[PDB]
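What follows is a set of notes on a single structure, which appears directly below.
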Amino acid sequence: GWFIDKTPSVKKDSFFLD
Amino acid sequence: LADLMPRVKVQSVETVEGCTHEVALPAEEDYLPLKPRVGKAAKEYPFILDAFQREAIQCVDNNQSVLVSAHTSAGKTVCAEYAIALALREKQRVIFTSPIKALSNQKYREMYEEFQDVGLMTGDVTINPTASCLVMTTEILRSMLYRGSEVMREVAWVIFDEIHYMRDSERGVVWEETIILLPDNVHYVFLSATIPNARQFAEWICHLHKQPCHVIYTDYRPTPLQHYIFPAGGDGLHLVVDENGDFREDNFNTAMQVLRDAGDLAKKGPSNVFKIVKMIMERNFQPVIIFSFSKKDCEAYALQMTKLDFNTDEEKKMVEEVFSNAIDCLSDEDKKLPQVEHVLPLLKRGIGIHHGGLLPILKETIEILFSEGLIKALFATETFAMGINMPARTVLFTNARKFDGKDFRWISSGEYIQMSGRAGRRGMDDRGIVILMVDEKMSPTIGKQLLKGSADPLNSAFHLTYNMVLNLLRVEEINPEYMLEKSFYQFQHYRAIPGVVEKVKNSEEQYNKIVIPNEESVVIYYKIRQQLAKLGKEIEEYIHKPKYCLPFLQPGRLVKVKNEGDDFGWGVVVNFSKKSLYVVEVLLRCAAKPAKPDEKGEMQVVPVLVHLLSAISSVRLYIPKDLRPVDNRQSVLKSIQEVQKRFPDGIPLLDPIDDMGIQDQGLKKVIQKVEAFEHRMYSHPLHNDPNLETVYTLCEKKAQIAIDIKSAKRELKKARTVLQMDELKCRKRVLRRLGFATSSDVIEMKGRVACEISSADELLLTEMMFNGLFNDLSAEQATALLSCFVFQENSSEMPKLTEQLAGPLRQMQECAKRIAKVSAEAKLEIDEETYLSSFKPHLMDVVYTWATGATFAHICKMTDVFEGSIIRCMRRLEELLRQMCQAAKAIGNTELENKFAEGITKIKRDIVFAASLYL
Ligand SMILES: Nc1ncnc2c1ncn2[C@@H]1O[C@H](COP(=O)(O)OP(=O)(O)O)[C@@H](O)[C@H]1O
Ligand SMILES: [Cl-]
């Protein structure tokens with residue numbers, strides 16, 4: 001099927017990954 | 001319209017390998033090949049003529065003008081000699097016009113020993129005016145054409161030595177002005193160097209005098225050259241160009257790398273020039289010319305060599321004998337001059353100097369000693385290259401940069417061609433050599449364009465001058481408008497009209513043929529859709545902005561992509577990342593191209609730039625985890641086919657404001673114009689018509705043809721424009737306000753006075769003369785004041801001036817301010833402070849004291865200006881005085897004529913006006 005999404009995604013931009 | 005444009009064709013004559021032959025013709029006339037010469041030749045030569053000489057000869061045999069474009073020393077003078085021969089053989093007259101006096105003198109010597117029926121005419125000397133073959137300076141020739149017709153009485157040929165003088169700014173306008181004034185019945189021989197636009201020149205001559213004009217061109221060089229570079233701080237020379245003319249990038253890059261690390265921070269003693277001329281004498285490369293753009297650097301480099309000796313005691317005795325004989329004419333007082341003492345030790349040692357700063361008799365004596373081989377290492381200025389062919393085996397460049405304006409710049413390939421052309425002597429050398437000293441890093445591309453690159457094109461520097469305008473108002477046959485329309489400057493900017501006008505008609509014809517739209521309302525529909533498309537693209541740009549669209553590029557998002565026209569319909573995103581700009585990988589229907597309408601299509605994932613997305617949807621359809629299979633790719637294509645069905649109104653798009661967050665105000669007014677134009681579109685009676693697309697394509701074609709007509713006419717109205725009319729209107733306005741001519745462009749007596757002044761600012765001087773400034777002055781201070789008008793080359797600190805001299809100076813500067821205010825009042829680009837300071841008064845005291853009787857030795861102590869520059873100025877002053885006499889005589893003002901005449905006698909004596917050794 002299909003769905004409708006008008007909302008975007010985000011990133012903290014301050015996260016430290018590991 | 002009234003298009004009185006050039007209409008000239010050009011044809012290519014076939015010739016033997018070694019030269020190329022083209023001829024510029026009026027388009028209406030039918031080309032006619034030169035027929036063979038009839039009867040014995042006009043001149044035989046002591047050698048076998050080269051191909052390019054024969055062809056040029058055949059032109060003159062057929063009484064047709066010819067431009068010969070060959071390297072210096074190729075044999076261009078051979079052609080001119082045949083013309084002179086032919087005209088004398090036919091009891092006609094000839095004028096061999098050269099740009100510089102010094103060249104005219106030397107050519108007169110050549111022509112005299114050879115034909116003997118020749119005369120000379122320059123600003124300084126007049127020999128045998130009734131001669132059938134007159135050598136004369138171009139400045140003289142134009143002055144004669146303005147004066148009378150007897151100048152060209154029975155003249156059948158005019159020879160223009162070195163047309164490059166037209167590029168010059170100080171004397172290139174007189175050159176072009178002259179050619180425009182000659183009668184059409186005259187035939188011309190133009191001698192030049194390799195120029196890339198020789199054809200354009202012949203076309204101008206053909207458009208101008210309504211006569212065929214030939215172009216003979218040859219890159220033939222009778223002595224091949226080896227070009228070397230010397231990296232600063234390097235031990236020796238790298239061959240950058242071999243005899244074959246190939247550019248060795250192998251040795252050029254290795255030369256610049258030595259240069260790159262040579263200087264301090266990158267890592268007493270003698271001079272580098274010293275070391276280069278030294279190995280020159282040890283490698284049998286002499287005689288050599290060392291070009292230096294500064295007379296002060298030229299004397300230093302030559303004095304460094306005083307430690308060495310390049311002459312045999314026999315050659316010494318010869319130098320001393322030739323030197324003492326050339327001086328015997330000078331007075332005892334003048335032989336003691338310091339310059340005579342300082343140079344003879346250098347000539348004895350085989351060292352020589354040549355620059356405008358020397359005294360004329362010494363400069364010429366050195367030229368003589370050089371042609372005799374008694375000077376084996378000559379340090380000369382650039383001017384020495386712009387003269388008669390005095391070649392050497394080797395040419396050395398001390399500097400590669402020259403100062404122009406407010407910044408430094410390399411020397412042009414044209415200048416390198418000019419000075420390097422002196423290396424390589426016709427029969428004496430198997431190969432001349434050129435050495436170039438570099439001190440700053442140099443790109444390889446510019447090095448290739450400088451050593452092997454063609455000469456700079458020959459473009460007109462034509463500009464307006466009051467002396468020209470006034471003389472054209474005096475003659476009742478020509479007007480200044482004619483001089484501009486027929487100039488080479490205007491011909492070069494008229495050069496785009498030929499192709500443009502031909503395309504306008506052909507298009508204007510193709511426009512009336514596709515003019516078959518059923519009705520005129522169609523154009524309204526077309527313009528509506530065209531606007532929507534412009535708006536459409538504008539919306540896309542806002543959606544392209546990654547700051548706005550990236551957040552909504554989630555896997556499965558439907559996106560429409562178009563690049564440079566073609567589109568791939570819709571597609572689904574998978575993920576995105578940076579590139580090198582951003583890139584998203586999207587399935588699309590198809591380095592591949594989109595799928596055609598009849599094709600069922602095959603989905604394929606491809607990376608595409610984010611600024612290639614036209615629209616973005618609200619829908620995110622689900623995609624399979626592993627998209628490697630083909631069946632899954634088809635499954636996605638079928639899933640979107642079902643989405644397009646669930647939304648027949650169109651796949652929903654993201655509101656750029658309510659959803660994407662573009663709070664920009666300009667996007668508001670764009671979306672408003674879209675909804676309004678979409679309403680206008682669906683309202684148009686044609687929107688529903690099934691023939692819409694058939695009539696919308698004929699409308700699109702007819703619309704593009706119209707776009708061409710618009711831009712074509714646009715450049716045509718530019719090309720057809722005369723560029724210097726606004727200046728002319730302003731200069732005529734100045735002449736009106738000052739009383740030189742009337743509102744009806746008729747010369748007033750005051751104008752006829754100014755006509756006689758050509759070597760200086762005619763306008764200022766005639767104003768000074770009419771204001772009664774000279775009337776109270778003595779001849780000695782009258783002449784000293786005029787020195788300000790012939791001292792253009794000034795670059796020294798002023799002296800302390802006595803009140804007797806500053807008086808008339810201050811008076812003169814007052815009239816100068818008035819000249820500037822009226823020019824500005826006419827809206828002429830002039831700076832008042834610049835105009836007053838252009839007349840350098842540095843030699844007021846020098847000229848004044850020479851006028852009183854002081855010896856030349858006495859006046860040299862007064863100023864540090866090089867002693868030769870003083871004589872060059874005095875010669876210009878004497879020529880200007882002679883003009884001033886003619887100016888006062890034009891109105892019968894005999895009291896002023898008697899004053900300038902007196903000034904002449906006061907300064908015309910001793911070494912300043914010593915007869916040239918060539919005359
Ligand atoms: N076919 C030729 N063969 C040998 N020497 C020639 C030939 N043509 C010209 N020369 C020589 O070259 C010179 C011709 O005059 P030149 O200074 O070379 O004219 P330009 O440099 O303007 O082309 C003369 O010294 C002449 O001896
Ligand atoms: Cl022939």
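Residue names in the structure tokens use chain letters A, B, ... in the order shown, residue numbers from 1 in each chain, and ligand numbers from 1 in the order shown.
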task: Report as number ranges by chain the set of chain A residues whose atoms approach chain B to within 12 Å, with distances computed over only C-alpha atoms.
output: A: 1-11
Surrounding residues as a list in words, ligand 2, max 7 Å, only C-alpha atoms and all ligand atoms: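 So the residues close to ligand 2 are residues 36, 37 and 58 of chain B.
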Export of prior selection with N, CA, C and O atoms as a PDB file, in the first residue's frame:
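Dumped to selection18.pdb:
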ATOM      1  N   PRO B  36      49.690  37.237 -65.970  1.00  0.00           N
ATOM      2  CA  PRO B  36      51.150  37.339 -65.894  1.00  0.00           C
ATOM      3  C   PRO B  36      51.641  38.704 -66.348  1.00  0.00           C
ATOM      4  O   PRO B  36      51.024  39.366 -67.185  1.00  0.00           O
ATOM      5  N   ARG B  37      52.768  39.121 -65.776  1.00  0.00           N
ATOM      6  CA  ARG B  37      53.416  40.362 -66.180  1.00  0.00           C
ATOM      7  C   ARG B  37      53.728  40.346 -67.674  1.00  0.00           C
ATOM      8  O   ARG B  37      54.052  39.306 -68.255  1.00  0.00           O
ATOM      9  N   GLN B  58      53.738  40.286 -58.497  1.00  0.00           N
ATOM     10  CA  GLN B  58      52.692  40.134 -59.504  1.00  0.00           C
ATOM     11  C   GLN B  58      51.501  41.037 -59.216  1.00  0.00           C
ATOM     12  O   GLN B  58      50.825  41.488 -60.148  1.00  0.00           O
TER      13      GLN B  58
END
Selection as a PDB file with N, CA, C and O atoms, in the first residue's frame: residues within 6 Å of ligand 1 by only C-alpha atoms and all ligand atoms:
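File produced: selection_33.pdb:
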ATOM      1  N   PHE B  47      69.463  38.089 -56.138  1.00  0.00           N
ATOM      2  CA  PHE B  47      69.167  36.830 -55.475  1.00  0.00           C
ATOM      3  C   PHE B  47      67.914  36.229 -56.094  1.00  0.00           C
ATOM      4  O   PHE B  47      67.209  36.874 -56.876  1.00  0.00           O
ATOM      5  N   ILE B  48      67.650  34.974 -55.743  1.00  0.00           N
ATOM      6  CA  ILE B  48      66.404  34.316 -56.126  1.00  0.00           C
ATOM      7  C   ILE B  48      65.304  34.779 -55.180  1.00  0.00           C
ATOM      8  O   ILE B  48      65.421  34.635 -53.960  1.00  0.00           O
ATOM      9  N   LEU B  49      64.234  35.332 -55.742  1.00  0.00           N
ATOM     10  CA  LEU B  49      63.119  35.797 -54.930  1.00  0.00           C
ATOM     11  C   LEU B  49      62.348  34.622 -54.338  1.00  0.00           C
ATOM     12  O   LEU B  49      62.210  33.563 -54.953  1.00  0.00           O
ATOM     13  N   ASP B  50      61.844  34.824 -53.123  1.00  0.00           N
ATOM     14  CA  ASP B  50      61.021  33.821 -52.472  1.00  0.00           C
ATOM     15  C   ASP B  50      59.590  33.898 -52.990  1.00  0.00           C
ATOM     16  O   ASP B  50      59.165  34.894 -53.582  1.00  0.00           O
ATOM     17  N   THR B  72      59.771  40.104 -39.838  1.00  0.00           N
ATOM     18  CA  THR B  72      60.843  41.054 -40.091  1.00  0.00           C
ATOM     19  C   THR B  72      62.077  40.307 -40.578  1.00  0.00           C
ATOM     20  O   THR B  72      62.425  39.245 -40.057  1.00  0.00           O
ATOM     21  N   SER B  73      62.729  40.863 -41.596  1.00  0.00           N
ATOM     22  CA  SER B  73      63.911  40.294 -42.241  1.00  0.00           C
ATOM     23  C   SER B  73      63.547  39.191 -43.227  1.00  0.00           C
ATOM     24  O   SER B  73      64.448  38.506 -43.732  1.00  0.00           O
ATOM     25  N   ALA B  74      62.262  38.987 -43.516  1.00  0.00           N
ATOM     26  CA  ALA B  74      61.875  37.993 -44.510  1.00  0.00           C
ATOM     27  C   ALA B  74      62.105  38.494 -45.928  1.00  0.00           C
ATOM     28  O   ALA B  74      62.369  37.691 -46.829  1.00  0.00           O
ATOM     29  N   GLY B  75      62.010  39.805 -46.144  1.00  0.00           N
ATOM     30  CA  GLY B  75      62.235  40.385 -47.452  1.00  0.00           C
ATOM     31  C   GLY B  75      61.089  41.256 -47.926  1.00  0.00           C
ATOM     32  O   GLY B  75      60.829  41.345 -49.129  1.00  0.00           O
ATOM     33  N   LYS B  76      60.395  41.908 -46.988  1.00  0.00           N
ATOM     34  CA  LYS B  76      59.265  42.757 -47.354  1.00  0.00           C
ATOM     35  C   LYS B  76      59.713  43.959 -48.175  1.00  0.00           C
ATOM     36  O   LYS B  76      59.003  44.392 -49.089  1.00  0.00           O
ATOM     37  N   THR B  77      60.883  44.519 -47.858  1.00  0.00           N
ATOM     38  CA  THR B  77      61.358  45.704 -48.564  1.00  0.00           C
ATOM     39  C   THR B  77      61.574  45.439 -50.047  1.00  0.00           C
ATOM     40  O   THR B  77      61.540  46.381 -50.846  1.00  0.00           O
ATOM     41  N   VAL B  78      61.795  44.180 -50.430  1.00  0.00           N
ATOM     42  CA  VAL B  78      61.940  43.836 -51.843  1.00  0.00           C
ATOM     43  C   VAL B  78      60.717  44.288 -52.630  1.00  0.00           C
ATOM     44  O   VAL B  78      60.835  44.811 -53.744  1.00  0.00           O
ATOM     45  N   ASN B 389      66.050  47.269 -39.805  1.00  0.00           N
ATOM     46  CA  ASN B 389      66.536  45.938 -39.450  1.00  0.00           C
ATOM     47  C   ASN B 389      68.048  45.991 -39.271  1.00  0.00           C
ATOM     48  O   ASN B 389      68.806  46.033 -40.242  1.00  0.00           O
TER      49      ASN B 389
END
- request: Taking the DSSP assignment computed from this structure's backbone, write out as JSON, numbers by chain all residues of region 84-215 of chain B that belong to strand (DSSP E).
  value: {"B": [93, 94, 95, 96, 97, 98, 118, 119, 120, 121, 126, 127, 133, 134, 135, 136, 137, 155, 156, 157, 158, 159, 160, 187, 188, 189, 190, 191, 192, 213, 214, 215]}
Deliver the residues from the most recent selection as a file, using N, CA, C and O atoms, as a compact mmCIF listing (two decimals), in the first residue's frame.
# COMPACT_ATOMS: atom_id res chain seq x y z
N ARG B 93 54.94 59.09 -59.74
CA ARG B 93 55.51 59.41 -58.44
C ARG B 93 55.21 58.31 -57.43
O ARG B 93 54.33 57.47 -57.62
N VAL B 94 55.96 58.34 -56.34
CA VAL B 94 55.86 57.35 -55.27
C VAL B 94 56.09 58.05 -53.95
O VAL B 94 56.87 59.01 -53.86
N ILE B 95 55.42 57.56 -52.91
CA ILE B 95 55.64 58.03 -51.56
C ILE B 95 55.85 56.80 -50.68
O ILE B 95 54.94 55.98 -50.52
N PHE B 96 57.05 56.68 -50.13
CA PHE B 96 57.38 55.64 -49.15
C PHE B 96 57.29 56.32 -47.79
O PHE B 96 58.21 57.01 -47.37
N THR B 97 56.17 56.12 -47.11
CA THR B 97 55.91 56.80 -45.85
C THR B 97 56.22 55.86 -44.69
O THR B 97 55.78 54.71 -44.67
N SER B 98 57.00 56.37 -43.73
CA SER B 98 57.38 55.63 -42.54
C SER B 98 56.93 56.39 -41.30
O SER B 98 56.81 57.62 -41.33
N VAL B 118 65.23 60.18 -55.55
CA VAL B 118 64.40 60.19 -54.36
C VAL B 118 64.63 61.48 -53.58
O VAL B 118 65.66 62.15 -53.70
N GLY B 119 63.63 61.83 -52.76
CA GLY B 119 63.75 62.95 -51.86
C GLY B 119 63.21 62.57 -50.49
O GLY B 119 62.62 61.50 -50.31
N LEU B 120 63.42 63.47 -49.53
CA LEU B 120 63.04 63.22 -48.15
C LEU B 120 62.22 64.39 -47.62
O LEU B 120 62.42 65.54 -48.03
N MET B 121 61.29 64.09 -46.72
CA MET B 121 60.46 65.12 -46.10
C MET B 121 60.08 64.66 -44.70
O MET B 121 59.32 63.70 -44.55
N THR B 126 64.01 68.65 -45.38
CA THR B 126 63.30 68.59 -46.65
C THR B 126 64.33 68.55 -47.77
O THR B 126 64.99 69.56 -48.04
N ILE B 127 64.47 67.40 -48.42
CA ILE B 127 65.49 67.18 -49.44
C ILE B 127 64.81 66.79 -50.74
O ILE B 127 64.09 65.79 -50.80
N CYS B 133 60.27 59.89 -56.11
CA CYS B 133 60.06 58.95 -55.02
C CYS B 133 60.40 59.67 -53.72
O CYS B 133 61.58 59.91 -53.44
N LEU B 134 59.39 60.00 -52.94
CA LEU B 134 59.57 60.77 -51.71
C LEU B 134 59.44 59.85 -50.51
O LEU B 134 58.41 59.20 -50.32
N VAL B 135 60.51 59.78 -49.72
CA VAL B 135 60.43 59.24 -48.37
C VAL B 135 59.93 60.35 -47.45
O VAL B 135 60.46 61.46 -47.48
N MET B 136 58.90 60.06 -46.66
CA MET B 136 58.39 61.09 -45.77
C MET B 136 57.69 60.46 -44.58
O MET B 136 57.16 59.35 -44.67
N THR B 137 57.70 61.18 -43.46
CA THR B 137 57.00 60.72 -42.28
C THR B 137 55.49 60.82 -42.49
O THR B 137 55.00 61.73 -43.15
N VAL B 155 50.96 60.91 -58.34
CA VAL B 155 51.39 59.84 -57.45
C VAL B 155 50.55 58.61 -57.73
O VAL B 155 49.32 58.65 -57.62
N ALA B 156 51.21 57.51 -58.10
CA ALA B 156 50.52 56.27 -58.42
C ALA B 156 50.61 55.22 -57.33
O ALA B 156 49.79 54.30 -57.30
N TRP B 157 51.58 55.33 -56.43
CA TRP B 157 51.81 54.33 -55.40
C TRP B 157 52.16 55.01 -54.08
O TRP B 157 52.79 56.07 -54.07
N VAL B 158 51.73 54.40 -52.99
CA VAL B 158 52.11 54.83 -51.65
C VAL B 158 52.46 53.58 -50.84
O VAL B 158 51.66 52.65 -50.75
N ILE B 159 53.66 53.57 -50.27
CA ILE B 159 54.18 52.41 -49.56
C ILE B 159 54.19 52.73 -48.07
O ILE B 159 54.77 53.73 -47.64
N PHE B 160 53.55 51.87 -47.30
CA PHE B 160 53.41 52.03 -45.86
C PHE B 160 54.33 51.03 -45.17
O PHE B 160 53.98 49.85 -45.04
N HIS B 187 47.16 53.39 -55.52
CA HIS B 187 47.36 52.01 -55.10
C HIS B 187 48.39 51.97 -53.99
O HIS B 187 49.30 52.81 -53.94
N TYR B 188 48.24 51.01 -53.09
CA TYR B 188 49.01 50.98 -51.86
C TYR B 188 49.77 49.67 -51.72
O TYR B 188 49.31 48.61 -52.16
N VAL B 189 50.95 49.76 -51.12
CA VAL B 189 51.71 48.61 -50.66
C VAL B 189 51.87 48.75 -49.16
O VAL B 189 52.47 49.73 -48.69
N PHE B 190 51.32 47.81 -48.41
CA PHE B 190 51.44 47.78 -46.96
C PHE B 190 52.42 46.69 -46.57
O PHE B 190 52.29 45.54 -47.01
N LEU B 191 53.40 47.04 -45.75
CA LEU B 191 54.37 46.09 -45.23
C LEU B 191 54.13 45.91 -43.74
O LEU B 191 54.03 46.90 -43.01
N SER B 192 54.03 44.66 -43.31
CA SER B 192 53.72 44.37 -41.92
C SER B 192 54.41 43.07 -41.52
O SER B 192 55.10 42.43 -42.32
N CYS B 213 42.14 44.54 -52.91
CA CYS B 213 43.34 44.60 -52.08
C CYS B 213 43.77 43.19 -51.72
O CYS B 213 42.98 42.40 -51.20
N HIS B 214 45.04 42.89 -51.98
CA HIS B 214 45.56 41.54 -51.80
C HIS B 214 46.22 41.39 -50.44
O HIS B 214 46.60 42.36 -49.79
N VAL B 215 46.34 40.13 -50.01
CA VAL B 215 46.98 39.78 -48.76
C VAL B 215 47.96 38.65 -49.05
O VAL B 215 47.54 37.54 -49.40
message: So the first atom is CA of residue 854 (chain B) and the second is CA of residue 873 (chain B); what is the distance between them in Å, to one decimal place?
response: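 So the answer is 16.8 Å.
When the distance limit is 7 Å and only C-alpha atoms are what count, the residues near region 256-273 of chain B, minus those fewer than 4 positions from it on the same chain, are residues 231, 232, 233, 234, 252, 277, 398 and 441 of chain B.
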field: Shell of 12 Å around residue 491 (chain B), only C-alpha atoms, local chain residues under 6 positions omitted, as a list in words
entry: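 Once the nearby chain positions are removed, what remains is residues 4, 5, 6, 7, 8, 176, 200, 201, 202, 203, 204, 205, 206, 207, 208, 459, 460, 462, 483, 484, 485, 497, 498, 719, 720, 721, 722 and 723 of chain B.
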Residues within 8 Å of region 242-244 of chain B, only C-alpha atoms, excluding chain neighbours under 2 positions, as JSON, numbers by chain: {"B": [224, 225, 226, 227, 239, 240, 246, 247, 248, 431]}
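Every protein, DNA or RNA residue with an atom at most 8 Å from residue 319 (chain B), where only C-alpha atoms count and chain neighbours fewer than 6 positions away do not, is listed here: residues 347, 348, 369 and 374 of chain B.
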